[PDB]
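*Asks:* Right, I'll just put the structure down here and ask away after.
Residue numbers (PDB author numbering), protein chains in the order written: chain aS, 1 to 231; chain aR, 1 to 231; chain aQ, 1 to 231; chain aT, 1 to 231; chain aV, 1 to 231; chain aU, 1 to 231.
Structure (structure tokens):
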């Protein structure tokens, strides 16, 4: 990793083994969750391609997912060399060279070269480019696996609606649902599968209400019996 | 966050995984309580909008509440931009400009822009303003996930006066209650089920008597009960 | 807090969240009790009123006790305003105004104004003053949540003298009685409230005995607990 | 090892007991698995020959494997002298003396002399060359002590295809055979030792399909994907 | 504690809360065991008398022993004053004042003086001296609560000698006596208070017997040792 | 320890308790095994007598063995006394003394005197001198404890050669002998204690073969000798 110094330009220092073990633990529990993505992003601030490779190539768990991630990195790298030709030709002496896909993923690039890119003026952001391919591969393996199924969740007869709203949002996190999708899903799932005594209020309120308006509706409707009707 | 004592070089570093893990664990044990708010503020000392966004996105529980919190932030950010003529927007050479509400929320602003405003003299306090908006949304979430009604808090025969006081002041922490209303409540709600002589002591004391005197008041069991000495 | 306490140049730095958490967990894992108070002073050496308020606001629990502390520091502010009234009207241009109780307790006065008082002649250390007010409140909680008098202690029939002395000192610390009175209590009262079997041994040391003479006496007194205690 | 941390230039410092204890724990429970190599690489970032010797001598387990590793290192060290034959004694004072093979292994060299090579301009990478010799030895012992081998692996009759690929991949990446062999095993061998019902689907798909296309197929083989995962 | 980077320049740093918690918890678990002494030695690294007093003041457990430790440091502080004649009144112009025993134990000194002594010509190591006195106070607790009379010790009938040696040496460590007297005790009392079968071996060896020679002696005392080498 | 290389020469640096715990974790699990010597050597880099005594005192259990180490040091100190004639009377401030054997072991001496001896011309490297005495004591406990009998290791009729050599090498490492004797045993005893059906194969293989050639030899009769238990 390479970070700002109070005494001058940026300094590279070795990765901690304890943070590396802590990384392996979040990978083990949270590989199939969006939770690992900001933790990885925060960890990877000031990371070289070598550091990013060390983080990936340390892991021994989930080898099918790791191979799919490596295949994804190769696939993104192949696209980069299609997108960018070798414009600058055979390398100009003295000058910084322009990364190819394999250079970005650190297979044809050494650590001191990467530190040179980090410390160059203007900054050359090879690590910042590479981590997005890694994040994309993590999203892709989750998408291929698909553990979460939105339409399955429903309420028993006297269950609180407010917790079901939380369960619905919890179940919907990784799917990439827009505001329009949330409006549609409110109509095609949430209003339909709600507590039966809450339904009349929700039908009056309609699927274009705010989440706060949904949350602050249906007061005390949950728990034993049908209660005395407000409408 | 910005780090160090602000002398010579204005260094800044990324948010730690340890801090993010500690925050997630705090959310497990202490939730969104007013007692968490100064601790969250302590985490947020010299924080950028990017660091603040990283903390919000890390949390995996309370997903509906997170969506309400983000849309509350978007409402506050919109409200800010109609509180004066709008600040100048994003620029390709990266001239200093000023932050509008979305820049404060971190949704139109780069990390380098955020550091730029923060290290400007006089500084524009974007992280502090955004931290306050996050706290304002967290204040909404705790209130939604609170028991209802101050009028259910009343003195009874069952428990010491202390427990009613503990409940009463705990209840109003996120509410920002009136002092005159609190005096009226202290006079009314907290003398309700007292027996005549005990009610007379509370009446004689009034609402501006010390809690130390109120705890020590009302010796022995109610009615013809035992008076706390074996003679 | 202030960097290098009262001995430095009066430069500020933000509170540690880990240190703030450690304060909350001292309260959780020991409750408001004598051993909290020196630990509180140790973490609070250079603390500002804002830092001290931040510590009070994040406790959560012990709300009735915290109210007695709030009333105690409200009374200290009231006493300060009563015995040190500020000059009437807003101050004349270009000078330092006198401090009110609210200014000292960090609610009406800015940190830069407080540093203004710390760079005054005489210097007024608002954090140091406010800590004494807080310590009086903590001592009041400690006395209140001690439900016994020092005069009502008696050594058990099956209690060794060493565990009685430890229990006596813990009881004595809760009581806020005068310093030469506390020395008189250790010299006279501790032997007087020692058990019948130990008491003849202690009386035979004579009235001018040192702590080591008392503490190395009474061997075999305190039944199976004494036998468990011996090394 | 050598470390900068906040320093502008590399500082030689002793290997931690924490580094050594983690190394022993990794060796004892994971040596014959390719998890040892990246963690060894991380724990030996800027390691000296003396640090590497300290690590090698701190192992007490697996002495036949350590001897096979030592013999493999001994050949490469013996080879280095044939390839790069050192004239002993710099011709004119003002130079570092050249590393011979036993100097790289640490046996004929002393630590300040080793640091002189490693802090030279450009660096003379004696630790990295020694690590390459160690890695060739590690790659020898992992195949030797493997309990299972690739051709013996077969898909269970009720086993998910996605888990079978993962289980096959764990064995495959502990195989030390060349990329042509690896590519034949992943593209051809894996399909053959798949379950009969699954294998017919793979035959219909054909061998030119990518891993994404292969993982897309094989629906209705094994239990649900969300079972037995950490969610 | 002090944090140092240069010769003759010292920077005051706060005590770690992790260190304060560790110090309290080991004392809670183990009481004032000998095992406190390495933990105290580790946790008081670069400690000042102010830090050491804060560490003592922090403790709330074991008050009778803690008061005895406080008497013991005061006895040591008096012992220092009674054996050094110092200066009456103010020190002569431009000289550092000479530390008294109460200055060493931080009763009459303050933090600025303490760093002054540590950077004096020659240096006076007031914290390290005070640490020995604190250790004498910790040691005192074992002698008072144990009956350390050296001729009343015995070896058990089936006891394999080594535990008796551990007990005898522990008795010597607890007891206050001359090194020459303790040397005489190894030739006399150790042989004398041994069990008959072991004593029979010891008489043949004679009083020049040593710990290495002792280790392979007494191997059948109370029966065979069998496959144990930890007894 | 005095482990810093840049800035002040004799600048203080604290020992970490977590680093000491990592030493304890190895020492408890492995006891007095040959790997203690490199672990202790890495730990005791740049150590003072004060640091060395902390390291010794945190080793738990085995007091008779620990006293044998202490006595081995005491004998070195007795021998040292003849070699170097040093004497002192009563001790005062204002002079940093001459090093006696007890001072070198740190019993009668403190950090600043020890620093003064390293700042003397010629230096006296008191911790290094003491450390060699400690290493002899540690080696003696290791030789006393670790050996389990090389002469009882021999290949049974259904034992794999590969299992046998690994166990023989572990046992051979445990033996207290010289490397020269161990090389002779490796040549002779290892082949002689082989089973006669494998011994004929070893004769055919000759001195020429790699350990891997020997390891892959001696098929059938016994089990596979490398497929282990599933852990």
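Backbone N, C-alpha and C define an ideal beta-carbon position, used for all residues, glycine too.
Check the Cβ of residue 207/aT against every Cβ in chain aS and list those closer than 8 Å, keeping chain order.
*Replies:* Chain aS residues near residue 207/aT: none, gap ~16 Å exceeds 8 Å.
*Asks:* According to the neighbour-count rule (16 or more other Cβ atoms, all chains shown, within 10 Å of its Cβ), is residue 203/aV buried or exposed?
*Replies:* Exposed.
*Asks:* Tell me, please, whether the CB atom of residue 179/aQ is closer than 8 Å to any CB atom in chain aV?
*Replies:* Output row for residue 179/aQ: interface = no.
*Asks:* Quick one: which residues of the segment 122-149 of chain aU get their C-beta closer than 9 Å to a C-beta of chain aV? List them in chain order.
*Replies:* Cβ contacts with chain aV: 140, 144 and 145.
*Asks:* Where does residue 5/aS fall in DSSP's three states?
*Replies:* Looking at residue 5/aS - three-state DSSP - the assignment turns out to be strand.
*Asks:* Report yes if the CB atom of residue 106/aU is closer than 8 Å to the CB atom of residue 53/aU, and no otherwise.
*Replies:* Against a cut-off of 8 Å, the Cβ pair of residue 53/aU and residue 106/aU comes out as a contact.
*Asks:* Does the beta-carbon of residue 16/aS have 16 or more other beta-carbons within 10 angstroms, so that it is buried, or is it exposed?
*Replies:* Per the 10 Å Cβ criterion, exposed.
*Asks:* Please list the partners that residue 33/aS has in chain aR, where partner means a Cβ-to-Cβ separation under 7 Å.
*Replies:* Those are 60, listed as they occur along chain aR.
*Asks:* Going along the chain, which residues of the segment 157-180 of chain aS sit with their C-beta nearer than 7 Å to a C-beta in chain aR?
*Replies:* Residues 165, 166, 169, 170 and 173.
*Asks:* Between the alpha carbons of residue 134/aQ and residue 1/aT, how many angstroms are there, rounded?
*Replies:* Using only the alpha carbons, I get a separation of about 50 Å.
*Asks:* From the DSSP output, in three-state form, read off residue 12/aQ for me.
*Replies:* The answer is strand: DSSP assigns residue 12/aQ an E or B state.
*Asks:* From the beta carbon of residue 49/aR, is the nearest beta carbon of chain aS less than 8 Å away?
*Replies:* Taking Cβ atoms only, chain aS never reaches closer than 8 Å to residue 49/aR, which makes this a no.
*Asks:* Can you give, in chain order, each stretch of the alpha helix (DSSP H) that sits fully within the segment 116-158 of chain aT and has at least 4 residues?
*Replies:* With a minimum length of 4 residues, the continuous alpha helix (DSSP H) runs that stay inside the segment 116-158 of chain aT are 126-144.
*Asks:* May I have the straight-line CA-CA distance separating residue 241/aT from residue 117/aR, to the nearest angstrom?
*Replies:* Nothing about residue 241/aT can be reported from this structure: the residues present for chain aT run from 1 to 231 only.
*Asks:* Is DSSP giving residue 197/aS helix, strand or coil here?
*Replies:* In this structure, residue 197/aS counts as coil in the three-state DSSP scheme.
*Asks:* Note down, one range per segment and in chain order, each alpha helix (DSSP H) of at least 4 residues found wholly within the segment 61-108 of chain aR.
*Replies:* Counting only runs of 4 or more, we get 63-81 and 101-105.
*Asks:* Under three-state DSSP, which class holds residue 43/aU?
*Replies:* Of the three classes helix, strand and coil, the one that applies to residue 43/aU here is helix, per DSSP.
*Asks:* Expressed to the nearest angstrom, what Euclidean distance is found between the alpha-carbon atoms of residue 176/aT and residue 154/aS?
*Replies:* Their backbone Cα atoms lie some 51 Å apart in a straight line.
*Asks:* Identify whether residue 232/aU lies in helix, strand or coil by the three-state DSSP scheme.
*Replies:* Missing from the structure shown is residue 232/aU; chain aU here goes from 1 to 231 and no further.
*Asks:* I need the DSSP call for residue 38/aR, collapsed to helix, strand or coil.
*Replies:* Here residue 38/aR sits in helix by DSSP.
*Asks:* Under 7 Å between beta-carbons, which chain aU residues line up against residue 21/aT? List them in chain order, please.
*Replies:* 22, 25 and 26, listed in chain order.
*Asks:* Mind pulling the chain aR residues with CB within less than 8 Å of residue 15/aQ?
*Replies:* Going along chain aR in sequence order, the residues near residue 15/aQ (Cβ under 8 Å) are 42 and 45.
*Asks:* Confirm, please, whether the CB-CB distance from residue 166/aU to residue 64/aT is below 8 Å.
*Replies:* Yes, the pair counts as a contact, with Cβ atoms nearer than the cut-off.
*Asks:* How would you list, in chain order, the residues of chain aU whose beta-carbon sits under 7 Å from the beta-carbon of residue 229/aV?
*Replies:* Going along chain aU in sequence order, the residues near residue 229/aV (Cβ under 7 Å) are 145.
*Asks:* With DSSP collapsed to three states, give me the class of residue 49/aS.
*Replies:* Three-state DSSP puts residue 49/aS in a helix.
*Asks:* How would you call residue 10/aS, buried or exposed, if buried means at least 16 neighbouring beta carbons within 10 angstroms?
*Replies:* That one is exposed.
*Asks:* Answer yes or no: does any C-beta atom of chain aQ fall closer than 8 Å to that of residue 56/aR?
*Replies:* Taking Cβ atoms only, chain aQ never reaches closer than 8 Å to residue 56/aR, which makes this a no.
*Asks:* Counting only beta-carbon atoms, is residue 10/aQ nearer than 8 Å to chain aR?
*Replies:* Judged by the 8 Å Cβ criterion, residue 10/aQ is not in contact with chain aR.
*Asks:* Mind pulling the chain aV residues with CB within less than 8 Å of residue 38/aQ?
*Replies:* Neighbours of residue 38/aQ on chain aV, chain order: 54, 57 and 58.
*Asks:* Give a yes or no on whether the minimum CB-CB distance between residue 154/aQ and chain aV is below 8 Å.
*Replies:* Residue 154/aQ does not count as touching chain aV.
*Asks:* Does the beta-carbon of residue 34/aQ have 16 or more other beta-carbons within 10 angstroms, so that it is buried, or is it exposed?
*Replies:* It is buried - the Cβ of residue 34/aQ has at least 16 other Cβ atoms within 10 Å.
*Asks:* How would you list, in chain order, the residues of chain aS whose beta-carbon sits under 8 Å from the beta-carbon of residue 67/aR?
*Replies:* Residues of chain aS passing the Cβ test: 169 and 211.
*Asks:* Mind pulling the chain aQ residues with CB within less than 9 Å of residue 76/aV?
*Replies:* Within 9 Å Cβ-Cβ: nothing; residue 76/aV doesn't reach chain aQ, min ~14 Å.
*Asks:* Would you say residue 64/aQ faces chain aR, with C-beta separation under 8 Å as the test?
*Replies:* It does; some Cβ of chain aR falls within 8 Å.
*Asks:* Considering only the beta carbon of each residue, do residue 161/aT and residue 222/aT sit closer than 8 Å?
*Replies:* Yes, Cβ-Cβ distance for residue 161/aT and residue 222/aT is below 8 Å.
*Asks:* Output the boundary residues of the alpha helix (DSSP H) element that contains residue 26/aT.
*Replies:* Where residue 26/aT is concerned, the enclosing alpha helix (DSSP H) stretches over 17-30.
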